[PDB]
Amino acid sequence: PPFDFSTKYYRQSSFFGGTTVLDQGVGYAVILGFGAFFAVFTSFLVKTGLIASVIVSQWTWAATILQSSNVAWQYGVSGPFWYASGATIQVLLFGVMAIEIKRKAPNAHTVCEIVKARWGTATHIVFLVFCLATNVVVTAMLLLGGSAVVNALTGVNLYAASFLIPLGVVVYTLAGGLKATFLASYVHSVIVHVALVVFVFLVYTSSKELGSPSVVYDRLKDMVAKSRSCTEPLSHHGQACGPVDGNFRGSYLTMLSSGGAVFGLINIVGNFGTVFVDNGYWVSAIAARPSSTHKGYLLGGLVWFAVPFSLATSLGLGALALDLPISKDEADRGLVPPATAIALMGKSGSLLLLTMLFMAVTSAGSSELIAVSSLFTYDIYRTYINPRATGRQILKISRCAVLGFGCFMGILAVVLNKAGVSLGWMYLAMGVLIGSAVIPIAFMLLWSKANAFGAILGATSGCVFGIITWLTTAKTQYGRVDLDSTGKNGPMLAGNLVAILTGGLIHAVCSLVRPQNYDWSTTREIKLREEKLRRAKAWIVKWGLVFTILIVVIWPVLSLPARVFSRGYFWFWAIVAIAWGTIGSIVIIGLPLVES
Ligand SMILES: CC(C)CCC[C@@H](C)[C@H]1CC[C@H]2[C@@H]3CC=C4C[C@@H](OC(=O)CCC(=O)O)CC[C@]4(C)[C@H]3CC[C@]12C
Ligand SMILES: CC(C)CCC[C@@H](C)[C@H]1CC[C@H]2[C@@H]3CC=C4C[C@@H](OC(=O)CCC(=O)O)CC[C@]4(C)[C@H]3CC[C@]12C
Ligand SMILES: CC(C)CCC[C@@H](C)[C@H]1CC[C@H]2[C@@H]3CC=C4C[C@@H](OC(=O)CCC(=O)O)CC[C@]4(C)[C@H]3CC[C@]12C
Ligand SMILES: CC(C)CCC[C@@H](C)[C@H]1CC[C@H]2[C@@H]3CC=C4C[C@@H](OC(=O)CCC(=O)O)CC[C@]4(C)[C@H]3CC[C@]12C
Ligand SMILES: CCCCCCCCCCCCCCCC
Ligand SMILES: CCCCCCCCCCCCCC
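If you count by the authors' numbering, then the sequence shown holds residues 5 to 14, 22 to 57, 81 to 561, 580 to 648, one letter each, in order.
Here is the structure:
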């Protein structure tokens, strides 16, 4: 027993594996009786302070809670920062796109409806597949994290919980109409900003094991020790015993991390492909009013930064200090937060984490069910199958396109849990697959010299050129090609960078040769005023760029001279983390109540 505080663990090969905390009755009632319960609850109840809450609501997926801590268990303190740093980029790209949607195409319901107008019907069917693949990739990795936490904490069979989760979201979507309400989007941002405060104040303030920022420091300095022998009876391969490979001096408390720095690039490339190629973002930008409220997107983006930052800094750095025997596979599957929650407050932190996770799963898997349904009913039914009917049919074949997707996703989730895919491989592989269609979409709304064949070729060749590099680098640097060598940070960076850049270069070189000068006169008709929509854009591209350059660039640069953090500097980091996540938890729960 190397340490006196972790002696009941002596070393195991995994934290989980037997004697589940909860019983199957609790697990079979949460995956099936949460969407229905909230559907009845919302029907029981009949500004720039209510736009921030709705903005925060749809941006919280099941990966925000589970992967931010996965990249904090490795790399130390650079993980949560590099994960959360992609926050002002989204707000800038959402504002500057919601302005142009209102200015150049007011009567559209889907992104692929502005594609058939600008360009032809041959570049429509390519992006109609490149958009339907993103709704599959994102929906398939909140059924991978949801079905692993439930099986771990409770004991429900994972193949039987992968098929019952989508059916609890289909009921929630069908009930309450296939539309969003400002009342149901306010109760979702209240529950997730209460568990955040509870978990942050339990780790650095109150717990009888990890109680102060000066205990985490002394316990994270002892894990990375050069005199710690952990060959075969005192650790295993991927169990995080000693010095970190790639960190300055092997320390967890440093911002000089290379593995954590390349994940920032991967995260940036991956997050650009979900605000452009995902129709769920276009649906929620069409239904906004930038002219009336546009300062509510910055306040709804500066508060979301504290959710993956504070919670990860607590729940991922409190697992290293407690010496839990978490293996690498379990950490990948999304099992660090439930590992810390049982260790700190067992049988009661596990019910709080389940509620916080399934309040995000059910509220983010309903935004994809109404994004695939619209992309079907408005684009493959009333464009090509039957364009002469609009009465009572548009609704039937919109309600019937949710049930089909909720079953296809359920079957595909069963198929990918048998194989062995884990959020953590799908999260990193998103860019390699759908990054080639990002710039051909920005050029559609922002550039007046972009043609159709260039878009087709740039979208359809970048994917192949990215996958070839992604599968080649792993083969030439690791021997074989399987789920292990492919998920490394080497191949994935090459794949992401090739995919995003080649599809932009090919499209922007082939368009300066044969330009199509477009006045947007065809997208403006599909089915004062300009002064406000010109000052709003001026405000956004200034006050979003300032914060982007201030957070992504200046803040990490000034932390490099700190080298290994010293007691007193970690007290500053661990206090910024608590302050952001506390003063962000009042402006969401009390500001949209100063309506009075
Ligand atoms: C704005 C963010 C999202 C991206 C910023 C990009 C660059 C500023 C970063 C990204 C990857 C970084 C590199 C990641 C890894 C290394 C290896 C590292 O090599 C070593 O010193 C370790 C080698 C050894 O000692 O064996 C030197 C810095 C370098 C090139 C880093 C330099 C800074 C880079 C290029
Ligand atoms: C995990 C360890 C053991 C291996 C680490 C390997 C990486 C550090 C190397 C291997 C292959 C390299 C890549 C090979 C090819 C490219 C493509 C290149 O991108 C372009 O050429 C884009 C421009 C265009 O194609 O238009 C940028 C460098 C990059 C990502 C290289 C970056 C460094 C990589 C990822
Ligand atoms: C645009 C140009 C003109 C200025 C860019 C500013 C920064 C990007 C540079 C300027 C000084 C640099 C620092 C100069 C010295 C070091 C010490 C160096 O420490 C070591 O690794 C050596 C210590 C040891 O191994 O004993 C780490 C990088 C750092 C902080 C450098 C990080 C990058 C800094 C902040
Ligand atoms: C040559 C070796 C043996 C010694 C190297 C010492 C430097 C690495 C240290 C010593 C004093 C330090 C400086 C002490 C005070 C400042 C002022 C500070 O600037 C401000 O506060 C400007 C803002 C304002 O005053 O409004 C920025 C850091 C800096 C340059 C520090 C940078 C790092 C310095 C130069
Ligand atoms: C002692 C073992 C090797 C230590 C090498 C550490 C390299 C750290 C480089 C990563 C720093 C990138 C900062 C980027 C900020 C914009
Ligand atoms: C032991 C070797 C340490 C090397 C550290 C290199 C740090 C370079 C960071 C510079 C990034 C500047 C981005 C603008």
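The beta-carbon is built from N, C-alpha and C at its ideal position, and this holds for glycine as well.
With a minimum length of 4 residues, the unbroken runs of alpha helix (DSSP H) contained wholly in the segment 514-555 fall at 517-520 and 523-543.
The C-beta separation of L517 from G454 comes to about 6 angstroms, placing the pair in contact by the 8 angstroms criterion. In the DSSP assignment, the residues bridged to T288 are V616. Membership of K483 in any alpha helix (DSSP H) is not indicated, and neither H nor E is assigned to it by DSSP.
Boundaries of the alpha helix (DSSP H) around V303: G293 to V309. Between the alpha carbons of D366 and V234 lies a distance of about 22 angstroms.
Looking only at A142, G314 and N451, the smallest Cα-Cα distance to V406 is reached by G314. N169 sits in a helix when the DSSP states are folded into three classes. Between the C-alpha atoms of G276 and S261 there is a straight-line separation of about 9 angstroms. Look at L299: its beta carbon is less than 7 angstroms from one of the heavy atoms in ligand 1. The alpha carbon of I475 has as its nearest neighbour, out of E647, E134 and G29, the alpha carbon of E134.
With a 10 Å radius around the Cβ and a threshold of 16 neighbouring Cβ atoms, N141 comes out exposed. Each residue's CA atom was taken as its position, placing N551 and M478 some 12 angstroms apart. With fewer than 16 other Cβ atoms from the protein chains shown falling within 10 Å of its own Cβ, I638 counts as exposed. Per DSSP, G113 is one residue of the alpha helix (DSSP H) stretching across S112 to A118. Scanning its chain for C-beta atoms nearer than 7 angstroms, with the 5 sequence neighbours on each side dropped, one finds around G298 the residues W116 and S119, in chain order. Under the DSSP assignment, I635 falls in the alpha helix (DSSP H) whose first and last residues are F622 to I635. For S102, same chain residues with a beta-carbon under 8 angstroms away, outside a window of 5 residues either side, are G113, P114, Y117, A118, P342, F343, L345, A346 and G350 in chain order. DSSP, read as helix, strand or coil, puts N141 in coil. Taken through DSSP and simplified to helix, strand or coil, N420 comes out as coil. Taking C-beta atoms under 8 angstroms as the contact rule, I592 and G129 qualify, at a distance of about 4 angstroms. Secondary structure of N191 (DSSP, three-state): coil.
For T82, no alpha helix (DSSP H) encloses it, and the DSSP letter there is neither H nor E. Pairing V249 with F622, the inter-Cα distance amounts to about 11 angstroms. Secondary-structure assignment with DSSP links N281 through a beta bridge to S291.
With fewer than three CB-CB distances shorter than 8 angstroms, the segment 203-214 does not count as touching the segment 224-239. Proximity of the beta carbon of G524 to ligand 2 is indicated: a heavy atom of the ligand is located closer than 7 angstroms. A heavy atom of ligand 5 is found nearer than 7 angstroms to the CB of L612. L387 places its beta carbon less than 8 angstroms from that of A375. The beta carbon of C434 sits closer than 6 angstroms to none of the beta carbons in its chain outside the five residues before and after it.
Shown here, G425 sits in coil according to DSSP, grouped into three states, outside any helix or strand.
Within 7 angstroms of the C-beta of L290 there is at least one heavy atom belonging to ligand 6. Closest option to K381, judged by alpha-carbon separation, among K12, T30 and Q23: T30.
Distance from the CA of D279 to the CA of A484, rounded to the nearest whole angstrom, comes to 46 angstroms. Between the C-alpha atoms of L597 and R514 there is a straight-line separation of about 43 angstroms. For the pair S269 and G352, the Cα-to-Cα distance works out to about 19 angstroms.
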